[PDB]
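This is what each chain is made of:
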Amino acid sequence: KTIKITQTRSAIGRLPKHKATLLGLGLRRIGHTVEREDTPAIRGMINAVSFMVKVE
Amino acid sequence: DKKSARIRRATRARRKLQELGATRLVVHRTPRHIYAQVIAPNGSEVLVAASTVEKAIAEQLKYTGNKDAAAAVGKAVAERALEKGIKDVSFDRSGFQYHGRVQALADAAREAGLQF
Amino acid sequence: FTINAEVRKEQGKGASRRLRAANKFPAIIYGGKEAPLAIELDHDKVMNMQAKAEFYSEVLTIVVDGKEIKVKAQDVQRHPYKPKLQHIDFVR
Amino acid sequence: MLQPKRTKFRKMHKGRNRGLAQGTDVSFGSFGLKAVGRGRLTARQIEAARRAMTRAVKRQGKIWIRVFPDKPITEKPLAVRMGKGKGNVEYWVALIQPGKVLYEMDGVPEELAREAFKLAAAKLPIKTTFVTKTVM
Amino acid sequence: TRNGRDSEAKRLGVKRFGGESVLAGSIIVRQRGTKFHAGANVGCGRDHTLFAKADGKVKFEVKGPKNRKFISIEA
RNA sequence: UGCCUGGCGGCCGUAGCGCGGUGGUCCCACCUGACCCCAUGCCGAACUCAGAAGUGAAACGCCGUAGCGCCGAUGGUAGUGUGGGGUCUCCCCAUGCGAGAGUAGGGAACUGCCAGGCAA
RNA sequence: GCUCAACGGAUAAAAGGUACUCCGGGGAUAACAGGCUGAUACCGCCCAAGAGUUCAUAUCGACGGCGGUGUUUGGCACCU
RNA sequence: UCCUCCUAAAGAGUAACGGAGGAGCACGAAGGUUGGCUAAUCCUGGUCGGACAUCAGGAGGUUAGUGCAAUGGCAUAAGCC
RNA sequence: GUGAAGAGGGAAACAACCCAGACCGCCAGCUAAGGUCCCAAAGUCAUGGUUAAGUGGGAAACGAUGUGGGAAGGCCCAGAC
Ligand SMILES: [K+]
Ligand SMILES: [Mg+2]
Ligand SMILES: [Mg+2]
Ligand SMILES: [Mg+2]
Ligand SMILES: [Mg+2]
Ligand SMILES: [Mg+2]
Ligand SMILES: [Mg+2]
Ligand SMILES: [Mg+2]
Ligand SMILES: [Mg+2]
Ligand SMILES: [Mg+2]
Ligand SMILES: [Mg+2]
Ligand SMILES: [Mg+2]
Ligand SMILES: [Mg+2]
Ligand SMILES: [Mg+2]
Ligand SMILES: [Mg+2]
Ligand SMILES: [Mg+2]
Ligand SMILES: [Mg+2]
Ligand SMILES: [Mg+2]
Ligand SMILES: [Mg+2]
Ligand SMILES: [Mg+2]
Ligand SMILES: [Mg+2]
Ligand SMILES: [Mg+2]
Ligand SMILES: [Mg+2]
Ligand SMILES: [Mg+2]
Ligand SMILES: [Mg+2]
Ligand SMILES: [Mg+2]
Ligand SMILES: [Mg+2]
Ligand SMILES: [Mg+2]
Ligand SMILES: [Mg+2]
Ligand SMILES: [Mg+2]
Ligand SMILES: [Mg+2]
Ligand SMILES: [Mg+2]
Ligand SMILES: [Mg+2]
Ligand SMILES: [Mg+2]
Ligand SMILES: [Mg+2]
Ligand SMILES: [Mg+2]
Ligand SMILES: [Mg+2]
Ligand SMILES: [Mg+2]
Ligand SMILES: [Mg+2]
Ligand SMILES: [Mg+2]
Ligand SMILES: [Mg+2]
Ligand SMILES: [Mg+2]
Ligand SMILES: [Mg+2]
Ligand SMILES: [Mg+2]
Ligand SMILES: [Mg+2]
Ligand SMILES: [Mg+2]
Ligand SMILES: [Mg+2]
Ligand SMILES: [Mg+2]
Ligand SMILES: [Mg+2]
Ligand SMILES: [Mg+2]
Ligand SMILES: [Mg+2]
Ligand SMILES: [Mg+2]
Ligand SMILES: [Mg+2]
Ligand SMILES: [Mg+2]
Ligand SMILES: [Mg+2]
Ligand SMILES: [Mg+2]
Ligand SMILES: [Mg+2]
Ligand SMILES: [Mg+2]
Ligand SMILES: [Mg+2]
Ligand SMILES: [Mg+2]
Ligand SMILES: [Mg+2]
Ligand SMILES: [Mg+2]
Ligand SMILES: [Mg+2]
Ligand SMILES: [Mg+2]
Ligand SMILES: [Mg+2]
Ligand SMILES: [Mg+2]
Ligand SMILES: [Mg+2]
Ligand SMILES: [Mg+2]
Ligand SMILES: [Mg+2]
Ligand SMILES: [Mg+2]
Ligand SMILES: [Mg+2]
Ligand SMILES: [Mg+2]
Ligand SMILES: [Mg+2]
Ligand SMILES: [Mg+2]
Ligand SMILES: [Mg+2]
Ligand SMILES: [Mg+2]
Ligand SMILES: [Mg+2]
Ligand SMILES: [Mg+2]
Ligand SMILES: [Mg+2]
Ligand SMILES: [Mg+2]
Ligand SMILES: [Mg+2]
Ligand SMILES: [Mg+2]
Ligand SMILES: [Mg+2]
Ligand SMILES: [Mg+2]
Ligand SMILES: [Mg+2]
Ligand SMILES: [Mg+2]
Ligand SMILES: [Mg+2]
Ligand SMILES: [Mg+2]
Ligand SMILES: [Mg+2]
Ligand SMILES: [Mg+2]
Ligand SMILES: [Mg+2]
Ligand SMILES: [Mg+2]
Ligand SMILES: [Mg+2]
Ligand SMILES: [Mg+2]
Ligand SMILES: [Mg+2]
Ligand SMILES: [Mg+2]
Ligand SMILES: [Mg+2]
Ligand SMILES: [Mg+2]
Ligand SMILES: [Mg+2]
Ligand SMILES: [Mg+2]
Ligand SMILES: [Mg+2]
Ligand SMILES: [Mg+2]
Ligand SMILES: [Mg+2]
Ligand SMILES: [Mg+2]
Ligand SMILES: [Mg+2]
Ligand SMILES: [Mg+2]
Ligand SMILES: [Mg+2]
Ligand SMILES: [Mg+2]
Ligand SMILES: [Mg+2]
Ligand SMILES: [Mg+2]
Ligand SMILES: [Mg+2]
Ligand SMILES: [Mg+2]
């Protein structure tokens, strides 16, 4: 089962960890609907940058 | 207390010997009787043990607590040790000054064949 | 000396402050071979209760889910400067 | 004027006066002056507020001082440039977090214990309140 | 001022941590006193430096009568 | 099989103290002698040797007792990563991590491997 | 075999004056004034131990507290 | 120039004309190693002998000691013969 | 983290704050932070409150029967203020 993630904020004034985490999720620009395989890890990544992403 | 002073006097040898990981021959002396036991490098399990408290050795001797009795144990332990397969060991004097009974025990252990 | 009290479900820093900023405050009941019981209760009652010296000595019967549990106040946390309670430890 | 009789070090860092106080309960005496506010009390302020209580309640009653300075405050002389060393210790302060009981009274009426603490509170910088020795 | 002097920093601390694979000779801890002690297959030089005496994984233990920290190696 | 006591480790204070009671057939300790082996920077108190008259007094074990020490939740509290907000030398929400202290209490440890004696 | 201690040591070997001065630069850095700050300064106010023939507040106020101004002595070195 | 502590935000490192102290040697035994030891401060009692020499005991448990500053260490002692 | 070396929108104007990273064109649409009576794009939107001070739209200790919202206490038709 896959989960659709969407970037909902800019990655400008953000920590290197958070800039990395979006590269790990595969989100490039704001409003980028990327779907990933649901695991304990990806939910951790989404948890790490929850403020700037939205799950479907 | 005397005992406690003898334990900490021995400890340095023991702790140095367990670090090397060698099979030690502990020798506990007493006013009446002299004990000896070969203990495995791990420290827990005993491989060979003999003393003048054992009737097999006590029946033979005149008195259990002297140089000639210590030699009889020192022979006995080393006589068993070779049957078990043991040969290279160390000698833990165990806080007793290497001089009399323990020296007799050690010399008897050497002369019996236990190469250490 | 009888107070109605609800059972807690969320418990931590976040819940307890939400609770404590809603005219209520957390307490706990424990004692005997039974398990402890986390107990949410109203502030404005228990604030008026403690003015009497009997409260910190006599036996109180706390009403939870119908069941009335007999206890004594073993420990209590005052708010640092404001005159108000933060938490009560009820021994059984 | 209260001050430590000898100390390990003459000068101390500035630090930060954060968190809540620890001497919150009215321990010894019946009544007490609790600090609502946050700040720092100089050695002079404490003595000034002590004199204002002591003289209000007369010879009768007993007073405790729960706060003690033990924190030296340095100050640089007038018309001196920055650097060239840490300044010289002028006065001593006690850091006061919210909740700290400053003073405690005993052996006086409740109505006349309050009137004394108002006069003390008037000397102090920190916003204060009256507290009674409750049970538990 | 009266003071304003200081020594160069000595880079002391646990170099290789627990569970880390090390080669024979690898320094595990640089420190002053024996804050950590030498256990199995670990040496203790003149500087009280704990170093690996055999190739293996580092293991920190808290064992003894006085409850001291020991560093051992297990292959 | 249990009851004992030694030696030797594991565990390091739930394992240590104080307190009270006890053990001596062996075992162990004091003990008995010092021509000797060897010993004191004087002294057989040590260390050592030879022994077995006494003893369990002290030691050591061992069982008891919470007077201490120690162990110690739950709930709360304090901190605090991340993101936001304030009245911004301080704090507060949201979300995660979450003590220290102190309670309720637990607590007179638990076991390995030989080795000897004792009711079976 | 070097307090080559200005201790990565310019030479084996070296101190001053310049208002008679000069050149290259700098608002990277001072003096003037501006700015930021307000310790100090001045101006208020809060508490009332004291004055009063007695009787805090006619009038002044100890000990302590809190502000305002930019306003002296300053601090900073942002403009030149 | 060098060493120690903090500042230093629990890896390392980390500045100021920040806060406190040291070093520019010593040692043929104060090194090696085998064998032994165990400390301050008391309280008692004791010829001069006092507030304090030496002895005897107890209570203490490293409160000492470590050639020299500080920090980390040291009973298996790295302390003392 | 940003500027430096980053334009654009907001913060009246405002390198460093908030939003967001400009390849070029378009008289298309959705949004962010900010906003939506007129200057000036968009609610004189709806609902339930609170402020009478132009508060909002600078400032503290202290000072006040200004004015809401609670929770207790007084103590009385034998009529309490
Ligand atoms: K750096
Ligand atoms: Mg982006
Ligand atoms: Mg940002
Ligand atoms: Mg892109
Ligand atoms: Mg693009
Ligand atoms: Mg030795
Ligand atoms: Mg027998
Ligand atoms: Mg600090
Ligand atoms: Mg504090
Ligand atoms: Mg406390
Ligand atoms: Mg100077
Ligand atoms: Mg420096
Ligand atoms: Mg250093
Ligand atoms: Mg440095
Ligand atoms: Mg340098
Ligand atoms: Mg070496
Ligand atoms: Mg025991
Ligand atoms: Mg006993
Ligand atoms: Mg007894
Ligand atoms: Mg008896
Ligand atoms: Mg008895
Ligand atoms: Mg017999
Ligand atoms: Mg004798
Ligand atoms: Mg003897
Ligand atoms: Mg006995
Ligand atoms: Mg007795
Ligand atoms: Mg038992
Ligand atoms: Mg019991
Ligand atoms: Mg009891
Ligand atoms: Mg009991
Ligand atoms: Mg649990
Ligand atoms: Mg943030
Ligand atoms: Mg935060
Ligand atoms: Mg938020
Ligand atoms: Mg807002
Ligand atoms: Mg603001
Ligand atoms: Mg907890
Ligand atoms: Mg705890
Ligand atoms: Mg605890
Ligand atoms: Mg208790
Ligand atoms: Mg009990
Ligand atoms: Mg037992
Ligand atoms: Mg059992
Ligand atoms: Mg078996
Ligand atoms: Mg020459
Ligand atoms: Mg020079
Ligand atoms: Mg130079
Ligand atoms: Mg240089
Ligand atoms: Mg250098
Ligand atoms: Mg040079
Ligand atoms: Mg030269
Ligand atoms: Mg020269
Ligand atoms: Mg000149
Ligand atoms: Mg001139
Ligand atoms: Mg000229
Ligand atoms: Mg010129
Ligand atoms: Mg010129
Ligand atoms: Mg300039
Ligand atoms: Mg310059
Ligand atoms: Mg001037
Ligand atoms: Mg100027
Ligand atoms: Mg201005
Ligand atoms: Mg000002
Ligand atoms: Mg004045
Ligand atoms: Mg003042
Ligand atoms: Mg002027
Ligand atoms: Mg000026
Ligand atoms: Mg300058
Ligand atoms: Mg500058
Ligand atoms: Mg200009
Ligand atoms: Mg540090
Ligand atoms: Mg560090
Ligand atoms: Mg760090
Ligand atoms: Mg730097
Ligand atoms: Mg110096
Ligand atoms: Mg030298
Ligand atoms: Mg010598
Ligand atoms: Mg040596
Ligand atoms: Mg004793
Ligand atoms: Mg010491
Ligand atoms: Mg020292
Ligand atoms: Mg040595
Ligand atoms: Mg030594
Ligand atoms: Mg920008
Ligand atoms: Mg540039
Ligand atoms: Mg921009
Ligand atoms: Mg802009
Ligand atoms: Mg503006
Ligand atoms: Mg505008
Ligand atoms: Mg604009
Ligand atoms: Mg810009
Ligand atoms: Mg923001
Ligand atoms: Mg681009
Ligand atoms: Mg693009
Ligand atoms: Mg739109
Ligand atoms: Mg939308
Ligand atoms: Mg917003
Ligand atoms: Mg919006
Ligand atoms: Mg319009
Ligand atoms: Mg419009
Ligand atoms: Mg209209
Ligand atoms: Mg309308
Ligand atoms: Mg409307
Ligand atoms: Mg409306
Ligand atoms: Mg209204
Ligand atoms: Mg109105
Ligand atoms: Mg206004
Ligand atoms: Mg105004
Ligand atoms: Mg009033
Ligand atoms: Mg009214
Ligand atoms: Mg109104
Ligand atoms: Mg309310």
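Parameters and conventions
- We count residues from 1 along each chain, following the written sequence rather than the entry's numbering, and we skip any residue without coordinates.
- Chains and ligands are labelled sequentially in the order written, the chains with letters from A and the ligands with numbers from 1.
- Only a portion of a larger assembly is displayed here, and every value given applies to that displayed portion alone.
- Heavy atoms from the whole structure form the basis of all side-chain values; hydrogens and water molecules are not counted.
- Paired strands are those between which DSSP finds at least two bridges.
- Secondary structure elements follow DSSP: runs of H or I of four or more residues count as helices, runs of E of two or more count as strands, with numbering from the N terminus.
- Angles run from 0 to 180 degrees between N-to-C directions of axes, and those axes are lines fitted to C-alpha atoms, restricted for helices to the stretch in contact.
- In this analysis, two residues are considered to be in contact whenever any of their non-hydrogen atoms come within 4.5 Å of each other.
- Grid spacing is 1 Å over the protein atoms alone, the probe is 1.4 Å, and a cavity is where that probe fits but cannot get out, while a pocket is an open set with protein on both sides within 12 Å along at least five of seven lines and lining residues have an atom within 4 Å of a point.
- Grid points are joined across faces, edges and corners, and a volume is the space filled by probe spheres set on the points.
- Residue type decides the class: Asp, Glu, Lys and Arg count as charged, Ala, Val, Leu, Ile, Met, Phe, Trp, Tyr, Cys and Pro as nonpolar, and the leftover types, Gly among them, as polar.
- Proximity is defined per residue: if any heavy atom of the residue lies within 4 Å of a molecule or strand, that residue is considered near it.
- Polar contacts, as used here, are pairs of N or O atoms within 3.5 Å; protein pairs need one atom able to donate a hydrogen and one able to accept it. Residues neighboring in sequence count only if both atoms are side-chain atoms.

The deposited coordinates, according to the entry record, derive from cryo-EM at 3.0 Å resolution.

(A) Structural view of the sheet that holds strand 2 (residues 39-42) of chain D. Residue and element names in this part refer to chain D. Read from one edge to the other, the open sheet built from three strands follows the order 2-5-4, with strand pairing classed as antiparallel. With partners counted over all chains shown, the strands left at the sheet margins are strand 2 and strand 4 (72-75), one partner each. Sheet twist, expressed as the mean angle between neighbouring strand axes with direction ignored, is 50 degrees. Examined bridge by bridge, strand 4 and strand 5 (residues 88-96) share four bridges and lie antiparallel to one another. Along strand 5, the bridge assignment pairs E75 with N88. Helix 1 (residues 43-56) contacts strand 2 and strand 5 of the sheet and is inclined by roughly 70 degrees relative to strand 2.

(B) View of empty space enclosed by the protein. Residues and elements named next belong to chain C. Scanning the entire structure with this criterion turns up one cavity of 30 Å³ or more. In this structure, the largest cavity occupies an estimated 50 Å³ of space. As for the largest cavity, its lining consists of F1, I3, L41, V46, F55, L60, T61, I62 and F90. If you tally residues by element for the lining of the largest cavity, the top one is strand 5 (residues 60-64), at three residues. Counted by class, the lining of the largest cavity contains eight nonpolar, one polar and no charged residues.

(C) The arrangement of the protein's contact with RNA strand I in detail. Within the structure, RNA strand I sits among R9, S10, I12, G13, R14, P16, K19 and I30 of chain A, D44 and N48 of chain C together with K127 of chain D. Backbone sugar and phosphate groups make up 69% of those atoms of RNA strand I lying within 4 Å of the protein. Within the side chain of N48 of chain C, one N or O atom sits 3.4 Å away from a sugar or linking oxygen of RNA strand I. Note that a phosphate oxygen of RNA strand I is positioned 3.3 Å from one of the side-chain N or O atoms of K127 of chain D. Those elements that provide at least two residues to the surface near RNA strand I are helix 1 (16-25) of chain A together with helix 2 (43-49) of chain C.

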